[PDB]
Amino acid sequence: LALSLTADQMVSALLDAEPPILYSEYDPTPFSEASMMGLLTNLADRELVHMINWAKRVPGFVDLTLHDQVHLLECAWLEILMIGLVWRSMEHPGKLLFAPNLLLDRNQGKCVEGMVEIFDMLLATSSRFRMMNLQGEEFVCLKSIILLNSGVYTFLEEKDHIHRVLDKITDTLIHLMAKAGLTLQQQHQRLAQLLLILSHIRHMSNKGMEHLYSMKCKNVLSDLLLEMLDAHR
């Protein structure tokens, strides 16, 4: 099914699958640590519903058993949320656009402790995408790579199917870069630069899980969200 796809159809299929940009309940009538965090986790919970249905549209994902679909999503859900936040924040230097009505700088991420550090990391990733001038067609490829890769080695011929699809996404990225007029040397370099960022996104997700499980105990908050966590517990 997924092995069929034109490099151009791969892009357009991913572009069509893109989830919408949701709004928060942010009322600018200042917030507190509990209220600001309440907005963020409320927004993440609603985004999860769309991410699940977006994942079904990712080529090759439906060909996977339901047991492995759950596993790949349990491992990558926060990575996927972060790269999307970082993506829609590219044009807002020093700010994270959590929602069109929720644009925050690092000084307001101080409202929660330790969030300042994750904030700077998310800003640095966004600045890196701006420096590289990441294209939307490249972004949807990276996000689908995270979904299929982040869990691939926590999981026989089903793996080779995932790696076959991953190879095709890699072919797509190269196809885009060669179409942008990059030399063959520049294509390989850019491909490497994009994939090394996924290592930092994994790092932000790991630290994000810690900050998250911490306040599952601190007890200032969603059923689907509390259930995504225990998988990383």
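Just count from 1 along the sequence shown to find any residue number. Only the largest set of C-alpha atoms that superpose within 1.5 Å between the two forms is called the rigid core.
Q: Give, as the answer, the stretch of 157 to 165 and 131 to 139 that departs more from the shown form in 4 other deposited structures of this protein; the measure is RMS Cα distance after a core fit.
A: Higher average C-alpha offset in 4 other deposited structures of this protein goes to 157 to 165.
Q: Can you tell me how many deposited residues have no coordinates between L22 and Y23? The categories are none, 1 to 3, 4 to 9, and 10 or more.
A: The entry has no gap there; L22 and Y23 are joined directly.
Q: Would you tell me which stretch averages the higher CA B-factor in the PDB entry, 101 to 109 or 131 to 139?
A: Stretch with the greater average CA B-factor: 101 to 109.
Q: Check the entry's C-alpha temperature factors for 13 to 21 and 210 to 218, then say which stretch has the higher mean.
A: Comparing averages over the C-alpha atoms only gives 210 to 218.
Q: According to the Cα B-factor stored in this entry, which of the following is highest: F119, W87, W77, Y153?
A: By C-alpha B-factor in the record, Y153 ranks first.
Q: For the listed residues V49, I174, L66, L39, which one has the largest C-alpha B-factor as given in the deposited model?
A: Across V49, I174, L66, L39, the entry lists the biggest C-alpha B-factor for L66.
Q: So where's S32 on the chain's Cα temperature factor ranking, which third?
A: Answer is highest: the recorded C-alpha B-factor places it there.
Q: Place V62 in the lowest, middle or highest third of its chain's C-alpha B-factors, as listed in the PDB entry.
A: For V62, the deposited C-alpha B-factor lands in the highest third.
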